[PDB]
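Computation of the quantities below employed the complete heavy-atom set of this structure, encompassing side-chain atoms and omitting hydrogens, waters and symmetry-equivalent molecules. Chain A is the first sequence line, chain B the second, and so forth, proteins listed ahead of strands; every chain is numbered from 1.
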Amino acid sequence: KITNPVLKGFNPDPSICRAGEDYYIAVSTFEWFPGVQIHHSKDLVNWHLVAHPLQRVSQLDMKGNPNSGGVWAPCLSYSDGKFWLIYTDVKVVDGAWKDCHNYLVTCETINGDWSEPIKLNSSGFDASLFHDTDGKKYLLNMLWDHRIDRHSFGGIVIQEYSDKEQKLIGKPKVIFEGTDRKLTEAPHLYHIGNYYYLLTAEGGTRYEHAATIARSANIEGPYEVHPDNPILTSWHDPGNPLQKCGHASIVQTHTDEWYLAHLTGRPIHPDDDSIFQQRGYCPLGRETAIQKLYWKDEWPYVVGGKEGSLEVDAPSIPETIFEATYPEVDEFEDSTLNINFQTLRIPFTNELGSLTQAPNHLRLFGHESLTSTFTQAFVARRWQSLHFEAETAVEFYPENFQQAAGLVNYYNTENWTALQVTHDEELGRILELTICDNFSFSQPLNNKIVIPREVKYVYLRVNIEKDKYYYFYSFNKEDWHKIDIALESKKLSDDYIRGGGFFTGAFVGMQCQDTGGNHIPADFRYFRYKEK
Amino acid sequence: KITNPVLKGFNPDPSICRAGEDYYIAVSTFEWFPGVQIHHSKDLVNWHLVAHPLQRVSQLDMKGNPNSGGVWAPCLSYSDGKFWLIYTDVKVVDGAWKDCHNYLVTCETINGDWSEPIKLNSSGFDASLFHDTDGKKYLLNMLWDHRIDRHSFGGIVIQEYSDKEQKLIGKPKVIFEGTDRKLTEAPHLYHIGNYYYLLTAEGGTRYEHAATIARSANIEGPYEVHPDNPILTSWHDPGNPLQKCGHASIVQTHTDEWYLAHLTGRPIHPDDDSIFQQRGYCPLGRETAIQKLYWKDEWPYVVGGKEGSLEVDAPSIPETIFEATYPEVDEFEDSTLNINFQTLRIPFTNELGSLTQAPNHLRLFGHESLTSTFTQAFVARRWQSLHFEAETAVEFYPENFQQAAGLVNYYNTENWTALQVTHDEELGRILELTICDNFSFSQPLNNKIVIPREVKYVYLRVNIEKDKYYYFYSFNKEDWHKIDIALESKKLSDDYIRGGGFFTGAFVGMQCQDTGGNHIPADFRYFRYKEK
Amino acid sequence: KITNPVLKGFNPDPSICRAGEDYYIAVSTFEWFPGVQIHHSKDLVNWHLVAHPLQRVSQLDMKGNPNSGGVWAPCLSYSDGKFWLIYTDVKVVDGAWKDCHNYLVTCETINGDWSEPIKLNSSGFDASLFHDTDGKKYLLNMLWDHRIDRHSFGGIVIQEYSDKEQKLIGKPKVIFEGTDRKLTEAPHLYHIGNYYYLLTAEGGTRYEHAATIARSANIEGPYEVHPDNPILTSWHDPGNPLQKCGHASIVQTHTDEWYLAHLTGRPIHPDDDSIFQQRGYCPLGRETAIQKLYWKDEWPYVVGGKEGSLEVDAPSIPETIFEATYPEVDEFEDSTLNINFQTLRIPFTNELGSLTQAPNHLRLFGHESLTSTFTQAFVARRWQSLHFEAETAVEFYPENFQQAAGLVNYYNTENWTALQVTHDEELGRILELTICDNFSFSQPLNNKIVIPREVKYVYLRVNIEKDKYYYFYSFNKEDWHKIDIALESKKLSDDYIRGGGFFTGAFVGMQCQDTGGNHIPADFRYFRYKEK
């Protein structure tokens, strides 16, 4: 009944919660704005993107943030008639430190105007708010240890949160130090029956990823780990469809059934290497899956095995399907950017672009290049399948070589490919392909593609076919020309990019840059996205 | 008479200009705030720091800026009864692109409140404003070419600036492409006699650095280069006291004498290598020197040779000495931070610290670590000699290992050494030494230094002795203890650090970090700096 | 009964074979001379080193061989009243190619004078001779594919060997391509019952190492893999005492019992990392272990699980213990170098040293440095425990700084530590510590240790304590002095050193170098080795 992944493409660190008969899953967004994606569902089978809480700079200011910084694992809960969202803003993703700050924002509705952030702490990421049955609230998070002679993951800390005083009270204390899997993080507390279940993620978000659970009669612990721990992991099984299974969250349906949401990666193996050595590449990044749970001796177990299955029995609730959140062909007729579209770090303002200046078009004013962590006029959407076709049409009249606009497949500032309309001093308007492979730049087209002066719209297309993708262009929307270069999809995956931050996924979108200072506009007639 | 360097320590890209009988030199400050350092002089022999124009976030927002980004070479000029300051904010310092934006701010006085920035262009750095004798103004700057098959330095461009419309008018055009020295930048135009002299810097800011000059009857050119070009360079002479001689600016005194301000580096040779292969390390970064000029056949020449001399004949103007801009021992009795003190990227606010909360103390509230490009509670000053002694006393009571405060010798987020008072779970308060060598972290003290509970102030000192420096500490201002580790000064130099940005210099200051979230205060009683 | 590892220390790629009621295991030696170590046993519990077949340059010429080159996995068999030894001489261990040559030498006795080599082929390493029940012989080996678009491991090839013509006949052909574990190598054929069992090693010699088996009615195949393959591997179990379990060989005792010899690594975890990410370091290199087998449905299985156990049931044969092959303190009274001692690449000749010139001493004439792949006067023995104490006494009178002699703990030319008596121009005789960490040299002793002129013998000792080892010295055999530097044992392990060749292990021995040309002698009075 439930077919995983439930949330395809870049949708990591799922935080599932129930509000009456409605189910929500908050996922990490990192540098993508607006921050935190929230999906909704009635039956746990069918889902749809409904909100992005962090829409204001006062809530989330990520200009200048390093790749894979910003919003890490979020925590969404429901209590006292409102939603509670705990999020982090990571400023440093490399080195001995991991400078970050945890905040809290609330809202009675999932898609309403969330409150201004309440400062919590900064001792570590993966902060989570636990609502105990006695009315008390506690904040959990991992402790980051920068000291040389100690492992960076110093354990799980807890501290009571005063709702009235809007701050953490008392003193924090370590309640769990993890198992031999180490890299203990993603703490989530649950008061079920006569025990307090502490759920954590261990082994890192790569292939050693796992979800461990422990219990204690008292909240302070010590916690005893599950007899068959980890309750979720596929490290030992490279053949399993779902990999990197960890960073989970538990939910009890209104039908008294138990499920476990968790992130996962579906890798491709294009190099023909030994899967045991080279586990694979995930262009779709880390996605969200949901496993079913069963109880035995007051211990939760994953139905079908700890590895995680693709097909899972759905709860006993009537089916509720939702309409598509995006049209196959977006004609930009609405004054609001489609919810599936996001910008880098900063909000989409009149400065970056407009949907009203040029009716039925997405106008993007040229700004900084694709290697900039500050201001990019780039509107993109996630790669939610390894078999799709994205397309757009752009009216662009560049006057200098520092002006380019087109279709761009992107992971981070150091990894991307771009097919843009630009200006050559001798040839005039040309269609150029630029590649940034882990900061290794190249413009492989020896024979530049010249664009006739009478061409109003330059049609750009990209076809993703599992391990490879190709670019196509057209001047009249009938005759398409293929750019004879088989680009590798693995180069836009979490497993390929360098750096301490590799927590996003491949994106495809419309972009315009003007490093000359003229902020030249680029008009995109439409944006098509169709999965096979 | 004039003893070079005139501006010691981190003071690169000098832009000298005359205002009546007053002389000013604006230098680059990069990530250090407030931006742009302006020095004043009457006789060109004696100088003193007088102002930092960019004090507001609206003028300069560098939060998140990469190391050596931000404020590059500035251009200070005087015309129409006011000062004109052209500055750049570089966002990207590595890769094919060098995303930056040029701005203009004015002020009738050198230390008054400068105006809000006027957007100019972004085609390249080293922007300069030229005031022609006919009342017309022109903006010069180097053209950055990101394209693979071409040099990044695409020549010198010029475009007329409309003072009335507050914007560049017409179209820009290349007027000079440089010589075989390449890396043509730092364009400065001067209308002297029957010619327009275009001064530029070539060969890069390292040891191949040079200053070239060309002339033309008309402003558009083409420009003919000096017959004995470059007019300034010591590349061919590794033994010359002044190295990296380039990025100059010309000034004509009120006594009708000509001088050439330029950046320079005074390297040390600690490794005992061949100076021809390994030219040396400059812990003091790039400093400012002034050479005397002489005319012959309508061409300027450097007096004493193009290499540059230490002793230069001063102009025929009476001597005017200035009082020290800083006390040997700063007791923090003033509510204003000494002008020689600067912070990283952001302004010094009540959030970061205070000089009023704890009278006669510099209170610093713990923030992010030394590896953060965002918010650091770090107040530092430049190393203006290779023979000095810096000292401070701090009252700190850390409760967790994520809180540390002390003395810190710093270059960038990846290169620094820190002697801080911190907390150990087993030992309590301890004095720890942390080292970040090109992002390689270490804490070499095997035997931790335990600080007794009754100790109110922990005295920290550092002695710089040319190629090496040592840390000292004390608990009662009588008995000093040496930390037996000979730290190398070369590790805090432009020539040692990795990355595309290596344009600052060594700094020494007071710091406090609290990655726990408590923003714990650290009280520094004083800050002593005494050169030998 | 059987306690693994049976062969401790550097003793990889075990090739077990039975000769009546005697059992032998041939292991790889790589650059160490004499080539191939052969151990003997009667009960499979107690073992002892008895021979090194390749003692002549005509058989093995490894002068100039790269680290971890030379003798790779050997194949020892018994048939027609004599022993057959297949060995390889690998010349290239990095890049697209792996230039090597396979040879065959025979001898009626295990420790007699083996014959001159018979050239076989060069298509790949891991050559093995199979003696079929019909009197026919076949050579097996892996196929190395250097071509870019294919895996280097091109499968298992077989070709009939003519004993009469002393050469391979007919044409070779691929009979097996392996499983998803890949890196298929170490082919061994066994004709048991109605099937031909092809045993191979897969997943590489690191932690993904495994032993796979397949069967076929006919020798040409195709071969069907074991239903629960691999039959041996501990990749999925980082907690297992035995790691890197692969490259096995099967033996049927005279008591009709089955056992499986295989290499294994016992890693230490000194960095406090996650064992799932960082599996560990093996200073003892790859050792040999023996598992018991059991048959079911004509398929062999490892008793106790595929991971491999420490305690294994011994065969039903009476216990036969052997006397120690080496004295705790070697006083060098015999004219024969102890069998446990080996030299690098070349044989121990009068040119390198002598046991007769200076009776009761091991005289070593100074030659090339420890970084030379040619001629080193270095006599060493393996580290067969992570808890031992090695000691020696040397009488050395160096006259120049290019002469040094002492105690050395070595892995390869780029990884070692040495405590040697040398000459300083100002201080005279001094004791210096030199370190080569992955080709990064350093002499960390700031205060040089001066040796008084009246000192005849300089006592040198080293204490290995699991993850760390320390050097000690003395001038009178009573008062020891500890060099305060905690050296890491992980730096002399297979998992730490760089390069394509990482197949040996840590050694400890006596050395003397004279890069001046004088070949200065160094007299070592004794060599002690005592395991805790």
>> Suppose we screen for salt bridge (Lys or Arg N to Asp or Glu O under 4.0 Å). Which residues come up paired with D126(C), at least two apart in sequence or across chains?
In response: none
> Do any N or O atoms from the side chain of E368(C) and from the backbone of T375(C) form a donor-acceptor pair under 3.5 angstrom?
Replying inline: yes
>> Run the side-chain contact (heavy atoms from CB on, under 4.5 Å) test on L49(C) and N340(C) for me, step by step, so that the C-alpha distance in whole Å, both residues' side-chain angles and the decisive distance to 0.1 Å come before the verdict.
In response: CA-CA 8 Å; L49(C) 181 58; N340(C) 287 279; 3.8 Å; yes
>> Apply side chain to side chain donor-acceptor pair (under 3.5 Å) to residues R382(C) and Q342(C) and explain how you reach the verdict.
In response: CA-CA 9 Å; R382(C) 300 162 174 64; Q342(C) 283 189 300; 2.8 Å; yes
> What closest approach, in Å, do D43(C) and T320(C) show between heavy atoms, and which atom pair accounts for it?
Replying inline: OD2-N, 2.9 Å
> Can you check salt bridge (charged side-chain N to carboxylate O under 4.0 Å, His left out) on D495(C) and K244(C), steps first, answer last?
Replying inline: CA-CA 11 Å; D495(C) 317 84; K244(C) 309 180 181 181; 2.9 Å; yes
>> Ignoring hydrogens and geometry beyond distance, is a side-chain donor-acceptor pair present between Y457(C) and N476(C) at under 3.5 Å?
In response: no
> Please walk me through it: do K448(C) and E432(C) pass salt bridge (charged side-chain N to carboxylate O under 4.0 Å, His left out)?
Replying inline: CA-CA 7 Å; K448(C) 305 306 175 185; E432(C) 186 72 288; 2.8 Å; yes
>> Check this for me: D271(C), atom CG, are more than 12 non-hydrogen atoms of other residues, nucleotides or ligands nearer than 6.0 Å?
In response: yes
> Can you name the nearest heavy-atom pair linking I275(C) to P238(C), along with the distance?
Replying inline: CD1-CB, 3.9 Å
> Quick one: are the ring centres of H40(C) and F322(C) less than 6.0 Å apart?
Replying inline: yes
>> Using only atom types and a distance under 3.5 Å, with no angle test, would you say the side chain of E414(C) pairs donor to acceptor with the backbone of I497(C)?
In response: no
>> Can you classify the ring geometry of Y526(C) versus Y459(C) as parallel (below 30°), tilted (30 to 60°) or perpendicular (above 60°)?
In response: tilted
> So do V312(C) and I290(C) actually touch side chain to side chain, heavy atoms under 4.5 Å?
Replying inline: no
>> Tell me the closest heavy-atom pair linking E478(C) and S474(C), and the distance in Å.
In response: N-OG, 3.8 Å
>> Before you tell me yes or no, could you show the steps for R150(A) and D272(C) under salt bridge (charged side-chain N to carboxylate O under 4.0 Å, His left out), namely the whole-Å CA-CA distance, both residues' side-chain angles and the distance that decides it to 0.1 Å?
In response: CA-CA 7 Å; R150(A) 315 180 188 236; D272(C) 203 355; over 6 Å; no
> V394(C) and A522(C): which non-hydrogen atoms are nearest, and at how many Å?
Replying inline: CG2-CB, 4.1 Å
>> Do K482(C) and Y470(C) form a cation-pi contact, if we require the NZ or CZ to be under 6.0 Å from the six-membered ring centre and within 45 degrees of the ring's axis?
In response: yes
> With ring centroids as reference points, do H48(C) and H39(C) lie under 6.0 angstrom apart?
Replying inline: no
> Can we call the ring centroids of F527(C) and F341(C) under 6.0 Å apart?
Replying inline: yes
> Would you call the rings of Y473(C) and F475(C) parallel, tilted or perpendicular if under 30° counts as parallel and over 60° as perpendicular?
Replying inline: tilted
>> For a quick test of reading the model, state the closest non-hydrogen atom pair linking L362(C) to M510(C) and the distance between them.
In response: CD2-CE, 3.6 Å
>> Show, in sequence, the C-alpha distance, side-chain angles and deciding distance for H209(C) and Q243(C), and conclude whether the side chain to side chain donor-acceptor pair (under 3.5 Å) test is met.
In response: CA-CA 8 Å; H209(C) 211 193; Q243(C) 292 292 323; over 6 Å; no
>> Salt bridge check, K91(C) against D89(C): does any charged N sit closer than 4.0 Å to a carboxylate O?
In response: yes
>> Quick check on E465(C): does its CD atom have over 12 non-hydrogen neighbours (other residues, nucleotides or ligands) under 6.0 Å away?
In response: yes
> Got more than 12 heavy atoms from elsewhere within 6.0 Å of NZ, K530(C)?
Replying inline: no
>> Counting only heavy atoms from other residues, nucleotides and ligands, does the tally under 6.0 Å from OH of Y326(C) exceed 12?
In response: yes
>> Quick test of your reading of the model: are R266(C) and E287(C) salt-bridged, counting only N-O distances below 4.0 Å?
In response: yes
>> Run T417(C) and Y471(C) through side chain to side chain donor-acceptor pair (under 3.5 Å) and show every step you take.
In response: CA-CA 10 Å; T417(C) 56; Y471(C) 278 109; 3.0 Å; yes
> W416(C) and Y411(C): aromatic ring centres closer than 6.0 Å?
Replying inline: no
> Looking at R528(C), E531(C), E389(C), which one forms a side-chain contact (heavy atoms from CB on, under 4.5 Å) with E328(C)?
Replying inline: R528(C)
> Is there a donor-acceptor pair under 3.5 Å between the side chain of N4(C) and the backbone N or O of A289(C)?
Replying inline: no
> How close do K490(C) and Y496(C) get, heavy atom to heavy atom, and via which atoms?
Replying inline: O-CB, 3.0 Å
>> Once you measure the plane-to-plane angle for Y24(C) and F83(C), does it fall in the parallel (<30°), tilted (30-60°) or perpendicular (>60°) bin?
In response: perpendicular
> So with a 6.0 Å cut-off around NZ of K63(C), is the heavy-atom count from everything else above 12?
Replying inline: no
> Within the side chain of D437(B), is there an N or O that forms a donor-acceptor pair under 3.5 Å with the backbone of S440(B)?
Replying inline: no
> Are the ring centres of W480(C) and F472(C) closer than 6.0 Å?
Replying inline: no
> So, is the end of the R345(C) side chain (NZ or CZ) under 6.0 Å from the ring centre of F30(C) and within 45° of the ring's axis?
Replying inline: no
> How are the rings of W32(C) and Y410(C) set to each other: parallel, tilted or perpendicular (split at 30° and 60°)?
Replying inline: perpendicular
